**Student:** 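Here it is, the structure in full.
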Amino acid sequence: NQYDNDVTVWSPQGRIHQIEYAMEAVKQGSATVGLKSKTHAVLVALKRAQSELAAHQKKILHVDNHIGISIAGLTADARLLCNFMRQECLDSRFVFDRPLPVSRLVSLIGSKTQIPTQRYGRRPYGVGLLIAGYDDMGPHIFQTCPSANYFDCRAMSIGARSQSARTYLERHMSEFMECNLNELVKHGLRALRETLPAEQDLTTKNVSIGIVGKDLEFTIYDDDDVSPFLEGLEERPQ
Amino acid sequence: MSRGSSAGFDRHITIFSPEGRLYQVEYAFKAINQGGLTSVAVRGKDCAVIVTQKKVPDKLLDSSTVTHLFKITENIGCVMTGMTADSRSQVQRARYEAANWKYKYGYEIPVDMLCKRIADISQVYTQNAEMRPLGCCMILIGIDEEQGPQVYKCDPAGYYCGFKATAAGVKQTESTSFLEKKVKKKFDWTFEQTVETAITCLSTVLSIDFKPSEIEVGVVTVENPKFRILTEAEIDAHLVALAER
Amino acid sequence: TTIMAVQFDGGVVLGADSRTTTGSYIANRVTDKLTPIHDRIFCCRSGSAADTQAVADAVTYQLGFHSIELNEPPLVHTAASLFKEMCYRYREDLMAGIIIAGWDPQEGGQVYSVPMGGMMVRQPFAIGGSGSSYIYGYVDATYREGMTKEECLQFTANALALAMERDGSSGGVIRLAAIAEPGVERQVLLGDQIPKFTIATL
Amino acid sequence: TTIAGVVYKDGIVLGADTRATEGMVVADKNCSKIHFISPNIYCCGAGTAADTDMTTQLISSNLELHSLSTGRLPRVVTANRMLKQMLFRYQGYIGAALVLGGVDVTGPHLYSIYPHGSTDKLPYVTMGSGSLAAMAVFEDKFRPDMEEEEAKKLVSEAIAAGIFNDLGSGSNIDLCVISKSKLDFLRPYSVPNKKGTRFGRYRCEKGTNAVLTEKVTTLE
Amino acid sequence: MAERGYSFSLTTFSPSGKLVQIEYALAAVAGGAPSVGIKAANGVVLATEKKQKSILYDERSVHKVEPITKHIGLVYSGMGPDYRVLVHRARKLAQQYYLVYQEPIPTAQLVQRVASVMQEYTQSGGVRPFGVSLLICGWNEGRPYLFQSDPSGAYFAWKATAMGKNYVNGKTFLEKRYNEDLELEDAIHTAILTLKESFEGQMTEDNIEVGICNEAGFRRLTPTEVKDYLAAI
Amino acid sequence: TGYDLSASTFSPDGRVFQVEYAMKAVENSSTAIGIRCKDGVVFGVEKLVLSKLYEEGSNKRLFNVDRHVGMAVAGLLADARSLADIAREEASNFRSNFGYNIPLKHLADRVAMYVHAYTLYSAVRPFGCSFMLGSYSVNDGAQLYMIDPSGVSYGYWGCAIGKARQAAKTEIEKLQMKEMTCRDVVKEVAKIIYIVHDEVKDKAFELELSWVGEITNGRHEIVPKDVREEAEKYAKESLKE
Amino acid sequence: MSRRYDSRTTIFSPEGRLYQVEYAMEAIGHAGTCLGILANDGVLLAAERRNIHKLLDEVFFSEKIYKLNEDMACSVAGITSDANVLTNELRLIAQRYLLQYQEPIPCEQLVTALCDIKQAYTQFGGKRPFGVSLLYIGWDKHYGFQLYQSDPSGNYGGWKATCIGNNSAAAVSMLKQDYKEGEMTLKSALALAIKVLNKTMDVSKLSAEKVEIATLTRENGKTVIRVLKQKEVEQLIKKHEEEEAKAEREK
Amino acid sequence: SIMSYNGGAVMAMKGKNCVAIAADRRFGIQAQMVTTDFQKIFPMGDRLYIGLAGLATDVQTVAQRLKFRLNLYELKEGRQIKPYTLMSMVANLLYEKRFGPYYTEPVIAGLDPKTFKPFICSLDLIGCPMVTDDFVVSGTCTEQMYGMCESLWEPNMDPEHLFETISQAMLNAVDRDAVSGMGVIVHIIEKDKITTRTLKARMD
C-alpha cells in the first residue's frame, strides 16, 4: 500500500509501518533471555547455526567492563550500535574517569535510534538489544527496540518464540531476586529452553552466557565454560 | 487548457497546471478558512484598527493566551488568520525582520516594507516544491510619518497590498462588501467611527451581538503611534455605544 | 575617559565625561558616552570607541528582540549578561570596559561592571576608564549608604569633575542620567556648572 | 588631505582640497574628494584613496537599491550605519576616513567615520592631514545656525588653512552645499594657487628626436 | 525540518520535444492583465492596466511599472510576486554592473542577465519557471530600447508589442496603428488606445499605470499626467 | 487521492493530513492530565503496564526539562523523549545566553516552533506526541502550557491529552482549581485518572504523579511517596460508592 | 518526497536508450533550419530566421549566429535560452584557453569541451539536458577551415556540409547530391546554400529578411567573420532565381 | 622595493586630438639586464592602449587577465570598450586583490570610440584611478618624468609636437634612472592611424 514504504509517512490510523516491519526484523531472530538478581545480571543467548558445518553466530557482545549486550535482528545494525555504545563508554571513562551509568547509555541509544525514524530516506535500526549492566544502582536489564523505545525490566526475552520464555519468566520472576548466580543462570537457561523445538535441547554448542555482577566484570561463556551451568539441569518437564 | 484541467503532479506540488494555475496555493487559501475565524481591519484619518473574532469554547483554556493579535514592534501591530502554528511562525519571522531592519538601517521599518518582506518570503514557498506554503494571512497596521495610518495585507500567494479596509477569514467576502458600502459613502472617520465600523462589520457578517470577551481589538493612532490592545473595559464601552445606536 | 554609576533606592545615576582623544589630539570634545540600551537601561562605555559602539548596537538589537519576544520589560541583569557574553567571547579582539546601569520592576536600580576581559559583577557603585584611577580614594571616602537621587547626582558630578581635572584623557562636559521607574532624566553640566576645586598654591 | 564639514541652519556644507600626493610628490593636482552617495547625501574621503572610493561606491550602490525598494529618500543614518558596520567588520584594514553629510526628512546630519568603524555625530568635523588647521579655524569661528554664505566662507577658510599649513594638502577648494531644496557641487569653489608664469621657452622642435624604426598602421 | 530542496528538474522534455511547464507558464502570462510597450523615435512608453478588484484597495500602495535604474523601466504580465522577485534581481544585477564598470548598464545587457535568471529557473532543481513576461524599456546612447523577456528565458527586441489578455488583438491593433517617426506623446496615445481596446469598463487615471523612458531617464507617470492624456483621448 | 502522504502537500480542502495522522497517533496513547492551581501545577499520568516483566518507573512519561519546568507527554514515547531533549537544550541555552531561568511561555513557544518546523516538509515527519509543560515561580506564578503535533501552544487551567481526554476534561471542569492548593489537587488528579481508566480495555496501570509549586520551592519533582499513597487511597475510595 | 516526483532524466530505458536526449533531439528537429558549408577559401553558415514579424525591432548583430572568439563562430537550433547558456560557456572556454596558452583555441578542442559539458548533463545530476544542436565554423593553424556539429547528447562530428533543424534530412540529401568535395569556393558554396534553403523553406519564399548568412575567411593572416548585408542576400537570391529560370528555359 | 625589482617606466601624454604612450624596453632582474625588448604597452582596442610598470610577472599576468575580461566584454556587448570603462575594469581587477595586490601601476591612453576625445589615466597598485588632462607617469623614475613633463608639456599639441615632447621627456628621464632604459618605444594614437616608433637611446 501507499503508507508502508517510507518511515516519514504516517498511516491514517496513526501508525508508522516501516517501524513495525523493523520490529518484525527483531522478531525473526533467535531467542535470548535476560534476567537479574539483587547482585547479578545474566544474558543467555540461544545461538543458531546456518548449516551443520558452521559455527553458531555470536549473540553476546562486550560493551564495557560493566555492560554487555545480546542482539536479535540484523547483525550489522547490531554491530553499528555496539560500536556506538563502546565509544560512549570510552568517552565517559576518558572525561569523567567513571563507568557510564547503564540507564544513561540506554538513553543515548534511544536518542540515536529515534533520529532515522523521522528523516526521509532513512530506516530504523532493525535490531533489538538486551542490555545487562551493573553500576551504583545495582544490576540492570534493559530492552531496546527498533522503534527507539526502551524498557527497564526485571526479566525479558526477545527473538523467535520468545513468548514461552516470557511466560516462564512471568512465573518465576518472584524467585529471581533472591537467587544465587548458578540458580539465576539456570532460571535463564530454562526460560531459553522453553523457546526450543521439541527435538532440540540446550547444548554447549548452542548456548552462550554473559554475566555481570558486583565484583564480576562482564564475562562471556561460550562452549566449555557453559558446561558447569548446564550440569544440573532437570529434563524438560513436558 | 480545459477549465479545471490537471496534468502530472500539479495538484500535489507548486508546478503549473495546463491553465497556468498553482493549485497548492489555492489549497493554502482554503487552509486559511480552515481556522474558522474572521478579522477586519479599517483605516481612519488618524488611526488604524484591527478587530478579530475571539473564540474560547472551554473554560479550561486560559483566555489570556488565546490571541490572534500580536505586536511586531512598538509601533506595528498585526492580526493573523488561518492555521495557528503557521501564523505564529510568520509572526516570529516578522519580528525578526523588523528588528534586523532597525539594526541594519538605523530607523524603524515602514509597514509596507515589512509586508513586502513577508510576501517575498512566502513567494519563495510558492515557487519551491519541497515545502508547503503557510496556511495563514497577515494584516499589519502602523503609522507612517509621511502617509498616516497604514493597513497592509499579505497572503499565502506572496501577494500583498495596502488597503483602506480589508478582511480575512471565513466571512471575508461579506465583510468586504459591507466595507465597500461603508467606504463608498465616504465621511471623515474619527477613531471612534473607525472602531465602530470595524466592530459593526464583524457583528453584521457573523450575525451575532458581541460581548467584550468575544472580540479582540488593537489600534494605532497618530496621537499615540504605539500599538495597543484594548482591554475588555474599553471594548465594552465601545460595544455599549454601538448598541445604543 | 571617566565613567561612573551609583545605585540609589529607586534607581541609578550614570555619569561620564565627553572627551574622545586620538593620542594627545581631542577628536571629539562633546562625546556622548551614556548610551540607552533600552527604555530604562543605559551603558557607559570606555575603551575603543569602535568596539564599544559596535557592542552596544549589537546588545541593543538583541535586547530589543528579546523584549519583544517575551512581551516583558528587560531585566538589567539580562542586558549585563548579553554584554558579558559579547565581551568575554571576543576578549582578545575588543577593548571595552562597560558599566550597565538601569531600573527593573523586579530588582530596582542596578549597576553592573563588565571590565576588559568579560567578567561581570554587581556593585553598589562602579567607576571606569582611564580617569577612574584618580578618584578611587575619593569615592571610597565619600560614598555612603542611603543617598537620595540628588545626593547621588552630586556625588557623581564631584567625582567626575575631580577625575577630569587630573586625567588628560578626560574633560569637556559632564553628562548625567538619572534612571528610575518614571523615566530617564538627562542633563549636561558645562562651564561653571561643573564642580570646582581650587588649585593649591604657595 | 584636508576635508571639512559644517551644519548650518538650512543644511550641510562639505569642503575638500584637491591635491593627491604619492609619497612626497604631487601626483594629482585636481583630485575629487567629495563623493556622491545619494542625491541628498555626500561624503568627503581621506585615508587610503582606493579604500575610500570603493567603500563610497559600494554604499552608494546599496543605498540606491534601498531607495528603489522603499520608494523613499535615503536617510543619512542609514548610510552611517552601513558604513560603520562595513568598516568595523574589516577591523581597520579598509583605511577610509569619511565626512558624511546629508539632508533627509529629519533634517541636516553630519557624521565623521573612522576606519575602525567608530562614528561621531557633530555640527562640524575635519579629517585628513590638514584636519587640525581646519579644526582650529572651526573652533575659532564656528557659530550655530549660520547662513549659507557664512557657512561657505567658513568652510573655505578651514580648507585654506589646511592647504597653506599642511604639506599634504594644496591646489583648489571644492565645496558641496546640501539643503532640502538644492545641491550645489562647486568644483572648484576657489583657486588660491596657480602655476607660476613661465619666464622662458624650452627648446622643443620637430626633428629634435632621433628615430630608429617607424611603423604606421592606418585605421579604417 | 530539513532545508534541502529537490535536486531534480521539474521541467523536462515531453515525447514530442516540448517543455510543457514553460508552455503552462506562458498560459499563466496570457491570463494576466494587458501590458503594452511602444518604442517611439525619442522614447518608449510602457502602459499596463491595474484594475483593482475593489475600491478598498489602495491604488498607490503597489506599482506594476517599476524603475530598475535611472534609465531602465519594467512592466509585466502574469503573476505579481514572481514579478517582484525578478524586479529585485534586475535591480541587483544593474547595481553589480555599475559597480564593475562605473557606467549604467545598457538595456540589452540587463535584459540578457534577467533572461539568464529565468532560464536558470527553467532548468534548475526543485523549482517551477517564473510565470511572468517582462517588458523592459531603456534609453542608451541616444537611443530607445524595448525588449520582451519570456518565462523560458528567451528575449526579443520589439518596436511595439502587447502581453496578457487579448494580446493577439492588441498586436494586430499595434501593427495597424504603429509607424516609425512617431513621437513620445503620440506613442503614449497609441499605448492607451491599445489598452482601451481590451479594457472592460471605464478607464480612469487610477485604472492604468504608465511609465516613459526618454533621454531624461525612466519615470512613472503621475495619475494627473495620465488624466491629462486620457482627456486628450 | 494521494494528498495524505506528505506534510508539504495541502489537500484540496486546505488540510495537512499527515499532521492529522500524527494527532491520531496521540489520540491512541494513554491519558495524562495537568491541573494548574493557585500555587502550582500537578501532573498525573496513567502509565499502562504492558508487561509484568517491566520494572516500576519504566517508560516514564513525566520529565524534568528544567529545575523549574516539568513535562507530561502522550503519544510516541521516542518522539516525546527527543522533544524533552529539545526542551532541555532550549532551557540550558536560554540560561547560558540571558543568565536566568527561561520563562515557561518562552520555552513553550520555542519548542512549539521546533515542532511546527516538522509540519512543512516532505523530508521529515511530524512528531507523534503532544505534551504539557508545567512551571511555577514567585514572579510569574503557576503556568501550564500544552503543545500538540501541529505546533499549537496554548495556556490552560486544566488539560488532558490521550485516549480519554474528553471525559478527563469533563472531570476537570467540575473542579474549583483556581482557589485550590497543590495538596488537594494531587488527590483530585489521582481521582480523575482512576475514573478515566478502563479496567476491561486495559488491565493494569501505574499512576505517575509530579508537581511544581511553592510546596516544592519552585522545583518540579516527583510527588513524594506518602502523598502519592494517600492520593491513591482516596481515589480508590472514590471509585467505590 | 523526492522519489515520487523525480522525473529520472539521466537513466537508461529498457531498450538501452536515453529518453530525455531523444526528446531534446525532437525539439531540435522542430527549430529553425541552420546550414553549414565548407569551401576551399572559407566556410559559411546560413540560418533561417524564425523571429519574423513586422513589429520586431531590427536585430543588433544576428539572431542565430554568435561569434565565439577571434577565429570561430556558431549557429544554434533548439531552445534559445539554453543556446544562450551554451554560447556563454563556449566564450568562457575559448578565453580560458587563450589565457592559459596565449594562443587561440583550436576549433575541435572548443567543441569537445562544450560536448563534455553536455554529456555531463546526460549522465548525472538529475537535470534535464540542453535542447540545443550547434554548428561551429572556424579556422585554426592545425586543420585550416573547419565545420563541426554537436547534439544534445554530447556527440559531435566534423563535416564538409551539414544541416540541423527543420527539414534537415532533405537538406542533407541535397548536400549529398550537390556538394563537390575539394572544389567548392565561397561563391559556389553560397549558391549551394541559397538553393538548399530554397528547398528546405518550402512554405516561405526566400527573402533576405528570412535568412541570415555569415562567412568566415582569411585575409592577411587575420580571420574575418562577416554577416552578409540584406542587399547581398537579395543579390544571391536574385542570382539563384536567374539560374533556376535559365535551367528551366534550357529544359 | 618590490615594485623596483625589475625596473621600468611608462608615460602617457595628451595632445590636441591625439594621445601618446611611451615605455622603456629593458627587462632585468635587479642590476642585471636580461633582455632589451620586453613589452610593456598592450593594445586593448583600435585606439586604446595600456602600459604596465612594476613586477614583470605581474605586468604579464595583469595584461593577460585584462585581455581575458576585455574579450569577454566585447563579445557580450557588440562594441569596443571606452577608455573610461577600461579604467573602471582595470580598477575592479586590481581591487579584487586589495590584500594580495598585483605589483603593477597601469597607465591608460586612448581615444573615445565614436568621439575620438583623448583620454589618459593612471592607477595605483590597488586600483585607485587618477584621470588627468596633461600627462600621467608610472614606474621607477616618476620624479624625473614629472620634472620633464611639467617643464615641457603644453596644451593642444599637434601629434608631431606631442611625439617630440613625450620622446624628450622619456629619454632624459630614463637617462637619469639606473634600472630603466635600453630603448624607448612611443605610440602616437590619432583617429585615422597609429604610429609606432623606437627611439635612439643610450644602452648603458
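Lettering of chains follows the sequences in order, A, B, ..., and the numbering in each one begins at 1.
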**Student:** Does some side-chain heavy atom of B:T65 sit less than 4.5 Å from a side-chain heavy atom of F:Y145?
**Tutor:** yes

**Student:** Against chain B, label F:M177 side chain, backbone, both or neither, depending on which of its atoms sit under 4.5 Å from a heavy atom there.
**Tutor:** side chain

**Student:** Using non-hydrogen atoms and a limit below 4.5 Å, what part of residues 32-45 of chain F faces chain B?
**Tutor:** F:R36

**Student:** So which heavy atom on B:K59 is nearest to which on F:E173, and how close?
**Tutor:** NZ-O, 3.5 Å

**Student:** Looking at every non-hydrogen atom in both residues, tell me the closest pair between F:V152 and B:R88 and how far apart they are.
**Tutor:** CG1-NH1, 4.3 Å

**Student:** side-chain contact (heavy atoms from CB on, under 4.5 Å), that's the test. Do B:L60 and F:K169 meet it? Break it down for me.
**Tutor:** CA-CA 8 Å; B:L60 295 193; F:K169 271 169 197 171; 3.9 Å; yes

**Student:** When you look at NZ of B:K102, are more than 12 heavy atoms from neighbouring residues, nucleotides or ligands closer to it than 6.0 Å?
**Tutor:** yes

**Student:** When rounded to the nearest 0.5 angstrom, what is the spacing between CG in B:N128 and OG in F:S8?
**Tutor:** 11.5 Å

**Student:** Can you tell me which residue pairs pass the side-chain hydrogen bond (donor to acceptor under 3.5 Å, both in side chains) test with a partner in residues 208-220 of chain B, sequence neighbours excluded?
**Tutor:** none

**Student:** May I ask you to decide if the ring planes of B:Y27 and F:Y3 are parallel, tilted or perpendicular, using 30° and 60° as cut-offs?
**Tutor:** perpendicular

**Student:** With a 4.5 Å heavy-atom cut-off, do F:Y154 and B:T84 have their side chains touching?
**Tutor:** yes

**Student:** Taking atom NZ as the centre, does F:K105 end up with more than 12 heavy-atom neighbours from other residues, nucleotides or ligands that are less than 6.0 angstrom away?
**Tutor:** yes

**Student:** More than 12 non-hydrogen atoms from neighbouring residues, nucleotides or ligands closer than 6.0 Å to CZ on B:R21, yes or no?
**Tutor:** yes

**Student:** Side chains of F:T9 and B:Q24, heavy atoms from C-beta outward: is any pair under 4.5 Å?
**Tutor:** yes

**Student:** In terms of heavy-atom pairs under 4.5 Å, which option from F:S6, F:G2, F:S150 contacts chain B the most?
**Tutor:** F:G2

**Student:** So for B:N33, is it side chain, backbone, both, or neither that comes closer than 4.5 Å to the heavy atoms of chain F?
**Tutor:** neither

**Student:** Do you know which of B:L134, B:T14, B:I32, B:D86 has the most heavy-atom pairs under 4.5 Å to chain F?
**Tutor:** B:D86

**Student:** Measuring from F:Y156:OH to B:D62:CG, what's the distance to the nearest 0.5 Å?
**Tutor:** 10.5 Å

**Student:** Looking at F:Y100, I'd like to know if its OH atom is crowded, meaning that more than 12 non-hydrogen atoms belonging to other residues, nucleotides or ligands lie closer than 6.0 Å.
**Tutor:** yes

**Student:** What residues of residues 116-134 of chain F sit under 4.5 Å from chain B when only non-hydrogen atoms are counted?
**Tutor:** F:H116, F:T119, F:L120, F:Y121, F:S122

**Student:** Tell me the residues of residues 10-22 of chain F whose non-hydrogen atoms fall below 4.5 Å from those of chain B, in number order.
**Tutor:** F:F10, F:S11, F:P12, F:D13, F:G14, F:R15, F:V16

